[PDB]
Structure formats: C-alpha cells, structure tokens
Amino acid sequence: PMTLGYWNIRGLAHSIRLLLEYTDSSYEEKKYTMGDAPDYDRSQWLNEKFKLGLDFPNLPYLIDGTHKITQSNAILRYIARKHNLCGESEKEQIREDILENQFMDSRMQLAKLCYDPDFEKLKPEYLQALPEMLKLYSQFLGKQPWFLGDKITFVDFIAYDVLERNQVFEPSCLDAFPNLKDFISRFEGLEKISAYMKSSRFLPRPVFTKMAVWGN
C-alpha cells in the first residue's frame, strides 16, 4: 500500500486522510512524534527526511509506488485524479483553483493566530473578520450540495476541514450560515466518512503541533 507521512496530529493531513478513506484507498500511515517544549525536538522526522526519495522533503508526504509526493494540495490532487474527483468543465476548474487557494489562505490565518504568543491579544481581531470570511464561502456554495456543484470533488474535503476546525474554534460560527452547517452534516453523513469517524483510525485531535498556543 501507499504511505502517508505526517505528524501524529490532524494538521494538513485531515482532508487527505478523509479523501483516502472516501476513495477506499489502501494506505498505511507513518506517524511522527515531535518533542516537547522547550526544544520541540523534531529528530524522529529528521533522521529520515532526506532518505525517502522526496524531491522537496516535507510533511505531509505520500509514497505510492514510484510516485513520491509532498505539498498537501498536490497529494490531494493526486488521489483526486485517481478517482475522478476534480472539476471536469472549464468553469468548474476555475472554481476549483480559486477555492483551493482561498481555503489555504483561510487555513493559514487560523494557524498564524494559534501559533502566535499573542494569541489572546489577536484572537478578537480574527473573530471580527470570521463572519465576513464565512459569509463569502456561504454565498459561493449557495444552493449547491457541493462547492463545485452537483459533484463532490476534492475541494469539498479541504472545505470540510477548514470549516469544521473553525467550528471547533468558535462553536457558533456557522449558525448564521445554514448552507455551511448543512455542508458539515452532509459531508459527515457520507457512508464511508461516518464509518471512518466511527473508527479507531480517526484523528480530529490535536488540530496543531505541540508548538501551538491553541489546540496542541
């Protein structure tokens, strides 16, 4: 089987792990443990980092035969293409590309906050902006069952992760956006996803690394 390498946390492997399960992929997981503070020892990853045949050694990584991939977006697009889970038409491709980068931007803004020493001082400034962030997403989904329309594709897995981790951060953040809330239930309702969240494989905790002020 193929190998997914990540920290033993949720992080950037969440949507990947979900997609792998949705896709009925045969995979094992290489889980890396990071040291405590103050050092945050990374040595378990580091003995190994340049010895796996990765062009740009990074985490997450996926090995699949002669295919050795880093960058979370690339791993997603790789598994996605294998199972016809991408935007098919031109218009769908545009939305795919905009969403993948937007959600990445949203993901980073949350991490930026949760890793900064000034968490508490900067927290309210993020919560100010969050409704307006999600509003944009909600309008874009509209009445669609999925972000690219009638077809579920990979951006949905990125969407779920980003949306749901905001819900863990601010529990009522989606309440003002029914379509977003429905998207969570809909995605969590999918036969192979809810099977996997009912299993021992599943890992929603912790969100970030031991380095993070929030969710570590």
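Numbering starts at 1 and follows the sequence shown. What we label the rigid core is the largest C-alpha set whose atoms superpose within 1.5 Å from one form to the other.
Aligning on the core, I want to see which stretch wanders more in 5 other deposited structures of this protein. Is it 58-66 or 35-43 by C-alpha RMS?
Higher average C-alpha offset in 5 other deposited structures of this protein goes to 35-43.
On mean C-alpha B-factor from the PDB entry, just flag whether 163-171 or 52-60 is the higher one.
Mean B over CA atoms: larger for 163-171.
Of 113-121 and 128-136, the one with larger mean CA B-factor
Going by the record's values, the stretch with the higher mean is 113-121.
Among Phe147, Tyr40, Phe177, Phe187, which residue carries the highest C-alpha B-factor recorded in the PDB entry?
Largest recorded C-alpha B-factor: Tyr40.
Largest Cα B-factor, entry values, listed residues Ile152, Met34, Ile158, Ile69:
Result of the comparison over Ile152, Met34, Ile158, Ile69: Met34.
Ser15's Cα B-factor: lowest, middle or highest third of the chain?
Lowest third of the chain for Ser15's C-alpha B-factor.
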